[PDB]
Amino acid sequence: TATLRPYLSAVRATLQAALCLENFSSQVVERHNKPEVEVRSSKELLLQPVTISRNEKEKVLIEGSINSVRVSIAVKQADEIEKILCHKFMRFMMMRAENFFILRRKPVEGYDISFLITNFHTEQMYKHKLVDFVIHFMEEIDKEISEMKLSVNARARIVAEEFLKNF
């Protein structure tokens, strides 16, 4: 994995730069407060979207704004069983978005999972722990997808033998 540490470093530094947020009232609608990267009603409040890619398939998209940051991840999916496990695990978490609270209910078109960190989050939580968590998450969903692949294969071998051994 000569390419994993370098990749996670670039991604971490970008997130450190992007998570510099502040509370911001709406210039467009009176008494409304909204994440600018989502509504995008004021171009001057949106930062430049940047991408960090490890290879053609794995990458992270970071879209900043004055009071919010959208983070999208393209997860490593080597084969079919990995594609469906990832897609199931990602949906699993998104369905529990209200408890995750920094999770988007749907990913940005083209990615597997997206976070939506706001100034309210950076006010209540150490932004460096949030950066830590996004890196930890990227490493852990890959380990879990691998453990899941092993589990399914292992149980299938036993299921096939129990049936076959009974003839």
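All residue numbers are counted from 1 along the displayed sequence.
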Of 61-69 vs 47-55, the stretch with the larger average CA B-factor in the entry is 47-55
Between 110-118 and 138-146 (mean CA B-factor, as deposited), the higher
138-146
Among the modelled residues of its chain, the C-alpha B-factor of residue 123 falls in the third labelled middle
So, residue 38's CA B-factor, relative to its chain, sits in which third? The middle
Which third, lowest, middle or highest, does the C-alpha temperature factor of residue 86 belong to within its own chain?
middle
Where the record places residue 30 (Cα B-factor, split into thirds across the chain):
highest
Relative to the other modelled residues in the chain, which third contains the C-alpha temperature factor of residue 20: lowest, middle or highest?
middle
